[PDB]
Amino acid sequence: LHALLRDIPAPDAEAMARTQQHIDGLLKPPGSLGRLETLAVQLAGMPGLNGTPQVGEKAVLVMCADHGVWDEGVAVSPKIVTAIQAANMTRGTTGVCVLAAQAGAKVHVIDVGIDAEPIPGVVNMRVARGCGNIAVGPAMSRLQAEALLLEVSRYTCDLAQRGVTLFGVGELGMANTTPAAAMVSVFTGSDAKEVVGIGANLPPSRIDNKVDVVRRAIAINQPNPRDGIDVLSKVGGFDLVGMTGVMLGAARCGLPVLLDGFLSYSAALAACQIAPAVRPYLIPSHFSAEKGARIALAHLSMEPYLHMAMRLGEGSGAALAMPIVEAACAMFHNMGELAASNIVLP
């Protein structure tokens, strides 16, 4: 894992410079395509993309797992929904499945800790049947976190060897906005009250309890904010650890990763804390309607492209933004040039 983190490549400034020069010469006022241009340049800096903004195969990795903190009454969805929805993922009927199909991407469902019998068709990487209840102790051991980070990292990179050039990250797990809020609070130094949201339609009257649970998780575990792995293992979860591993893996293979919503922000904070070299590979998708979204995004210095007030998860926002990444590539390669039209602008 030390080797992994050490070998994350830095962006290729040379390729980025050639990209900018080319974009500036396209048939349009310089900078007129705004963020689509900066995105194209960002992609050109990623080693796995071969010095140019391009998208080959697309994949969305969905990490599924249950949480012991569910027993604290922080979620209104039945616990079994995690298992049920993971099965639906293999049938193509879920929100991320439909959006991914629309984007021409394949969905990979990975079980990293669902509390139920193994589901056929789902990639098996389960650590245990659900993680520990963060309200009274740690979610898992540091070793369990490190092993899963490594496992997921290799899997992610291995796909790269099969033509995948763009990754999307997602999750599935009832009650996971609680550990996500705890992590955000710890990494950003914000009070729990500022970061706790309604998750999957939690009644307004039950918010206070959720805020209390988050505070207890932090007080009892005392996670070290300067150690991302310590935070993930103490107040995080298997699904959040797995999302973090996708990001470290893609970064190691020099490829881009599209974040999703609130849960993915938490994992991204952890990943950047663990290895700052990961930041250049992250691409925001949408702006989650979860309460703590603004704060999490601020500390990541990211501005989502899409404002859809979405809060489903599963990597649905990630899939929805894939066409945008392809648009930046299409702009770069298919547009004509000013010089070819004898057009000169001041």
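The first residue of the sequence shown is number 1, and the count goes up from there.
When the C-alpha B-factors of 230 to 238 and 186 to 194 are averaged, 186 to 194 comes out higher. For the segment pair 270 to 278 and 157 to 165, the entry gives 157 to 165 the higher mean B-factor, averaged over Cα atoms. Of the residues listed, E171, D260, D212, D115, the entry assigns the biggest Cα temperature factor to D212. Of the candidates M243, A100, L150, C131, it is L150 whose Cα B-factor is highest according to the PDB record.
Ranked by C-alpha B-factor against the other modelled residues of its chain, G254 falls in the lowest third. Annotation for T93: CA B-factor lies in the middle third of the chain's modelled residues. For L338, the recorded CA B-factor ranks within the highest third of the chain. Only modelled residues enter the ranking. Among the modelled residues of its chain, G51 has a C-alpha B-factor that falls in the highest third, as given in the PDB entry. Sort the chain's modelled residues by C-alpha temperature factor and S301 lands in the highest third, per the entry.
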